[PDB]
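Undergrad: What follows is a structure written as structure tokens; I'll ask about it next.
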Amino acid sequence: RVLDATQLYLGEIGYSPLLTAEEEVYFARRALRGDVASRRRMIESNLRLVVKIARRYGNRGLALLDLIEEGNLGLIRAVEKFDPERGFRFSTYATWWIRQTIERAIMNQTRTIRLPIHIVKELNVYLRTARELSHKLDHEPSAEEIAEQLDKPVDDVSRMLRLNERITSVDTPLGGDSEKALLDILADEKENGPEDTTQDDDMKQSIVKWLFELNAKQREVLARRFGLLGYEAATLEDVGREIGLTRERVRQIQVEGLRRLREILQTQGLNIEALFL
Amino acid sequence: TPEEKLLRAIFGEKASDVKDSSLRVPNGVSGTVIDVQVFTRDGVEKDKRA
RNA sequence: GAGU
DNA sequence: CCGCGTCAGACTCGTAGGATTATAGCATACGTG
DNA sequence: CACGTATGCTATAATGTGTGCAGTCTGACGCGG
């Protein structure tokens, strides 16, 4: 039969009766009282308005259905905050709420990286201004030309235009040819190669061998303090407390062990110096 | 890594704030620089070369 | 656009 | 059977980077240094 | 208090979509009427 989401929804809304002014007032008095039924009937009677408005705001923001639901949410706010006693029509009041809710929704949801309302609205004034400039200059305006118009910092304008830079899909295949995407080219830069991984092995293992060249005391002090052969980078007090009370003696043995390593380096450092790239 | 902590304590050589993203000649191509062009935004202090 |  | 639907359709190489729109205007509200 | 992020209300009447493309391939194998 008819399997379209949209068509089904629009058919259902069609089968609810439109209200007159006096009817809306009667219903709405009871709706503020909390009639439940009254609220439901006013909502359902005025769904068609929502769709007329969502029709306009759609275009490229979001799916029509998505706009319709957010619009409905605005209409509900309007039914809750309607004043029957004031002579103004309901449709007039609702229109404001529906447009408001739809716009706010499309300011949030549309952007993959959620942009706060203040930033979005700022950016929009930059845009509208750019449009006026472009009309009269014949040319699309520079960042500094827009900034001169607003009497504001160029850095501000630039940062905002950077935020407007919209995303590219990693899966989109490149060159009008369904050959291969961005993913196919894009590396993991954090993951170094087997070269870098093997260099760390070599490094760490050379340091073991070099630590054993030193005194048993120096090597153990270095190991525990650096957190190298130990678990935790034990502070001066911790290492001293496990061995020799004198916290100051840990510093002494440590610095002594570093200087013996410098000797090994001046002698055999011909390997160590090449670890500098 | 704790090893580099120990090593940089030994040598001092505290690693600086700036890195290196310089444009270099692609490997195995070799030629003569015949022209250079510089593009700066309207506000940033221009290079001496520019 | 290059061999198949 | 007829008709409508779903499923497949060679292997490596290349080149080059890149693009759209628009969401008001202002007052109050919530969380961190 | 300020700074960053959010929620909020505005009162002529207005009350059922459409839109932008798709271009139709081919021989085979199953699945409701």
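Residues are referred to by chain and number: the chain letter is A, B, ... according to the order shown in the structure tokens, the number counts from 1 in that chain, and ligands are numbered separately from 1 in the order shown.
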Per residue of chain E within 10 Å of chain A, record the nearest atom pair and its distance in Å to one decimal, counting only C-alpha atoms (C1' of nucleotides), with rows in chain order and ascending residue number, as a Markdown table.

TA:
| residue | atom | partner | partner_atom | distance |
| --- | --- | --- | --- | --- |
| E:4 | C1' | A:116 | CA | 9.4 |
| E:5 | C1' | A:116 | CA | 6.9 |
| E:6 | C1' | A:117 | CA | 8.4 |
| E:8 | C1' | A:100 | CA | 9.9 |
| E:9 | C1' | A:97 | CA | 8.3 |
| E:10 | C1' | A:96 | CA | 7.0 |
| E:11 | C1' | A:93 | CA | 5.2 |
| E:12 | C1' | A:92 | CA | 7.6 |
| E:13 | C1' | A:92 | CA | 6.2 |
| E:14 | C1' | A:91 | CA | 6.8 |
| E:15 | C1' | A:49 | CA | 4.1 |
| E:16 | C1' | A:10 | CA | 5.4 |
| E:17 | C1' | A:6 | CA | 7.5 |

Undergrad: Would you please give, as a list in words, all residues of chain B that DSSP assigns to helix (DSSP H, G or I) based on the backbone?

TA: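 Matching residues for helix (DSSP H, G or I) in chain B are residues 2, 3, 4, 5, 6, 7, 8, 9, 10 and 11 of chain B.
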
Undergrad: With N, CA and C atoms retained, could you export that selection as a short mmCIF file (atom, residue, chain, number, x, y, z; two decimals), in the first residue's frame?

TA:
data_model
loop_
_atom_site.label_atom_id
_atom_site.label_comp_id
_atom_site.auth_asym_id
_atom_site.auth_seq_id
_atom_site.Cartn_x
_atom_site.Cartn_y
_atom_site.Cartn_z
N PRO B 2 60.89 7.11 31.56
CA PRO B 2 61.86 7.25 32.65
C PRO B 2 63.33 7.23 32.20
N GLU B 3 63.59 6.48 31.13
CA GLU B 3 64.92 6.43 30.57
C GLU B 3 65.34 7.81 30.04
N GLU B 4 64.47 8.46 29.27
CA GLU B 4 64.76 9.80 28.77
C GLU B 4 64.82 10.82 29.90
N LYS B 5 64.08 10.61 30.98
CA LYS B 5 64.19 11.47 32.18
C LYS B 5 65.61 11.39 32.74
N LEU B 6 66.09 10.16 32.93
CA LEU B 6 67.45 9.92 33.42
C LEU B 6 68.50 10.51 32.47
N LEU B 7 68.30 10.26 31.18
CA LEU B 7 69.26 10.69 30.17
C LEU B 7 69.29 12.21 30.03
N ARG B 8 68.14 12.85 30.02
CA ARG B 8 68.11 14.30 29.91
C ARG B 8 68.57 14.96 31.20
N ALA B 9 68.50 14.24 32.33
CA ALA B 9 69.12 14.74 33.56
C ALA B 9 70.65 14.66 33.45
N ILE B 10 71.14 13.56 32.88
CA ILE B 10 72.57 13.39 32.69
C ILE B 10 73.12 14.46 31.75
N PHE B 11 72.56 14.57 30.55
CA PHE B 11 73.11 15.47 29.55
C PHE B 11 72.61 16.90 29.68
#

Undergrad: Could you tell me which residues of chain A sit within 8 Å of chain D when counting only C-alpha atoms (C1' of nucleotides), and give me the result as a ChimeraX atom specification?

TA: /A:60-61,103-104,106-107,124,175

Undergrad: Since we have the selection now, will you write its residues out, keeping N, CA and C atoms, as an mmCIF file, in the first residue's frame?

TA:
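Final output, out12.cif:
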data_model
loop_
_atom_site.group_PDB
_atom_site.id
_atom_site.type_symbol
_atom_site.label_atom_id
_atom_site.label_comp_id
_atom_site.auth_asym_id
_atom_site.auth_seq_id
_atom_site.Cartn_x
_atom_site.Cartn_y
_atom_site.Cartn_z
ATOM 1 N N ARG A 60 17.465 22.924 3.227
ATOM 2 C CA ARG A 60 18.707 22.197 3.325
ATOM 3 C C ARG A 60 19.153 22.002 4.768
ATOM 4 N N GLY A 61 18.289 22.283 5.741
ATOM 5 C CA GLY A 61 18.741 22.263 7.131
ATOM 6 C C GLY A 61 18.758 20.783 7.446
ATOM 7 N N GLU A 103 14.389 26.893 14.303
ATOM 8 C CA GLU A 103 15.663 27.590 14.125
ATOM 9 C C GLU A 103 16.706 27.179 15.152
ATOM 10 N N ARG A 104 16.278 27.082 16.405
ATOM 11 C CA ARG A 104 17.204 26.719 17.458
ATOM 12 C C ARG A 104 17.695 25.274 17.263
ATOM 13 N N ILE A 106 17.995 23.686 14.355
ATOM 14 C CA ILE A 106 18.933 23.665 13.233
ATOM 15 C C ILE A 106 20.235 24.405 13.503
ATOM 16 N N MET A 107 20.292 25.192 14.556
ATOM 17 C CA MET A 107 21.548 25.795 14.970
ATOM 18 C C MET A 107 22.371 24.783 15.746
ATOM 19 N N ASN A 124 26.730 34.520 12.033
ATOM 20 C CA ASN A 124 25.672 34.920 11.093
ATOM 21 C C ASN A 124 25.667 36.401 10.805
ATOM 22 N N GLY A 175 38.522 12.040 -6.589
ATOM 23 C CA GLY A 175 38.785 12.311 -7.985
ATOM 24 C C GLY A 175 37.693 11.855 -8.910
#

Undergrad: Could you state the separation of CA of residue 272 in chain A and CA of residue 249 in chain A in Å, given to one decimal place?

TA: 28.2 Å

Undergrad: Near residue 2 in chain C, within 12 Å and counting only C-alpha atoms (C1' of nucleotides), which residues show up once chain neighbours fewer than 3 positions away are dropped, as a PyMOL selection string?

TA: chain D and resi 12-15

Undergrad: Write out the residues from the selection above, keeping N, CA, C and O atoms (P, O5', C5', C4', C3', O3' and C1' of nucleotides), as a short mmCIF file (atom, residue, chain, number, x, y, z; two decimals), in the first residue's frame.

TA:
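Result saved to again_11.cif:
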data_model
loop_
_atom_site.label_atom_id
_atom_site.label_comp_id
_atom_site.auth_asym_id
_atom_site.auth_seq_id
_atom_site.Cartn_x
_atom_site.Cartn_y
_atom_site.Cartn_z
P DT D 12 43.76 -6.04 -7.03
"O5'" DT D 12 45.30 -5.63 -7.07
"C5'" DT D 12 45.71 -4.43 -7.75
"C4'" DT D 12 47.10 -4.55 -8.31
"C3'" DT D 12 47.88 -3.23 -8.35
"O3'" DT D 12 48.73 -3.06 -7.21
"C1'" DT D 12 47.71 -4.09 -10.55
P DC D 13 48.71 -1.67 -6.37
"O5'" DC D 13 49.59 -0.69 -7.25
"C5'" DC D 13 48.95 0.09 -8.27
"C4'" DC D 13 49.94 0.38 -9.37
"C3'" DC D 13 50.14 1.87 -9.64
"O3'" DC D 13 51.26 2.37 -8.88
"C1'" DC D 13 49.35 0.84 -11.59
P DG D 14 51.03 3.47 -7.75
"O5'" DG D 14 51.08 4.83 -8.56
"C5'" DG D 14 49.86 5.41 -9.01
"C4'" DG D 14 50.08 6.14 -10.31
"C3'" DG D 14 49.60 7.59 -10.26
"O3'" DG D 14 50.70 8.42 -9.87
"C1'" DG D 14 48.53 6.45 -12.06
P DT D 15 50.54 9.46 -8.66
"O5'" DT D 15 50.66 10.87 -9.40
"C5'" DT D 15 50.47 10.97 -10.83
"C4'" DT D 15 49.49 12.07 -11.16
"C3'" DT D 15 48.95 12.82 -9.96
"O3'" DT D 15 49.91 13.79 -9.56
"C1'" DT D 15 47.18 12.32 -11.46
#

Undergrad: What is the CA of residue 37 in chain B to CA of residue 159 in chain A distance in Å?

TA: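 These atoms are spaced 25.7 Å apart.
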
Undergrad: For a quick test of understanding: name the residues of chain A lying within 7 Å of chain B when counting only C-alpha atoms, and present them as a ChimeraX atom specification.

TA: /A:144,204,226-228,258

Undergrad: Store the residues of this selection in a file with N, CA, C and O atoms, as a PDB file, in the first residue's frame.

TA:
ATOM      1  N   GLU A 144      39.629  40.978   6.403  1.00  0.00           N
ATOM      2  CA  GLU A 144      39.900  42.318   6.923  1.00  0.00           C
ATOM      3  C   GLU A 144      38.903  43.339   6.448  1.00  0.00           C
ATOM      4  O   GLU A 144      38.621  44.218   7.202  1.00  0.00           O
ATOM      5  N   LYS A 204      66.330   1.001  25.535  1.00  0.00           N
ATOM      6  CA  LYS A 204      66.007   0.616  26.902  1.00  0.00           C
ATOM      7  C   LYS A 204      66.996  -0.452  27.350  1.00  0.00           C
ATOM      8  O   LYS A 204      67.466  -0.470  28.501  1.00  0.00           O
ATOM      9  N   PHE A 226      64.609   6.795  39.448  1.00  0.00           N
ATOM     10  CA  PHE A 226      64.076   7.057  38.118  1.00  0.00           C
ATOM     11  C   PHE A 226      62.775   6.299  37.899  1.00  0.00           C
ATOM     12  O   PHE A 226      61.915   6.781  37.182  1.00  0.00           O
ATOM     13  N   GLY A 227      62.588   5.166  38.578  1.00  0.00           N
ATOM     14  CA  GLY A 227      61.385   4.349  38.401  1.00  0.00           C
ATOM     15  C   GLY A 227      61.618   3.424  37.231  1.00  0.00           C
ATOM     16  O   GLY A 227      60.701   3.047  36.510  1.00  0.00           O
ATOM     17  N   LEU A 228      62.889   3.047  37.083  1.00  0.00           N
ATOM     18  CA  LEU A 228      63.340   2.397  35.875  1.00  0.00           C
ATOM     19  C   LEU A 228      63.153   0.932  36.175  1.00  0.00           C
ATOM     20  O   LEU A 228      62.243   0.316  35.639  1.00  0.00           O
ATOM     21  N   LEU A 258      75.640   9.427  38.006  1.00  0.00           N
ATOM     22  CA  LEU A 258      75.467  10.121  36.722  1.00  0.00           C
ATOM     23  C   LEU A 258      76.832  10.527  36.178  1.00  0.00           C
ATOM     24  O   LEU A 258      77.109  10.474  34.964  1.00  0.00           O
TER      25      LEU A 258
END

Undergrad: Let me make sure I understand: among A:184, A:213, A:149, A:126, which one has the smallest atom-to-atom distance to residue 263 in chain A if we use only C-alpha atoms?

TA: A:213
